[PDB]
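Read the single chain below, which is given as structure tokens and is the form deposited in one PDB entry.
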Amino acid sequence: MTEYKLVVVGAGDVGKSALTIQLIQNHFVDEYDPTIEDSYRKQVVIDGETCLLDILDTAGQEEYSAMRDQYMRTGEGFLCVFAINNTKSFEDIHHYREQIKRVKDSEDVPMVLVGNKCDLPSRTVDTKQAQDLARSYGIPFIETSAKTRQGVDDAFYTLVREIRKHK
């Protein structure tokens, strides 16, 4: 069975684990519970192929960026997540992308930009900022909400499709 190593990265509190748990268990964790490290495996059908997703959900708290970088290096594709009510987590995307390129020692890594919490009021990161940032890296941008599940499968499946075309 084909196996895809996906890595979810981004600043603390953007919803990395809540998105992952929506993919895995179709359930929304309304709790505050910061990640140290969590890995998940789930079998999915994408474009008619059964495959195994291995998902490393990293810690946003960069004080644990030792454990992060250690398991990133095997990943085949990266979810770069920010939250639409946290400008700093949006500006931080640049930092996480350069970390991926460093840990992978390559310019060419499958990535998808994810703007999460689209259900919240008073959004501060506007759609065109996000689409502009994704454009600047040549990667897809997907709006999500782990609360309503909007965009969740699209974010992970798009990643898998980007990994397949990278072969």
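One-based numbering along the sequence shown.
A second form of this protein, the form deposited with a partner chain bound, is not displayed here; the remarks below concern that form.
- Of the listed positions (62, 126, 49, 132), a single one reaches within 4.5 angstroms of its partner chain by any non-hydrogen atom in the bound PDB entry, namely 62.
- The candidate spot formed by 9, 99 and 103 is fully in contact with its partner chain in the bound PDB entry: every one of the three has a heavy atom within 4.5 Å.
- Interface membership of residue 58, defined by any non-hydrogen atom within 4.5 Å of its partner chain in the bound PDB entry, is confirmed.
- Although the partner is absent here, residue 69 is a contact residue: one of its heavy atoms lies within 4.5 angstroms of its partner chain in the bound PDB entry.
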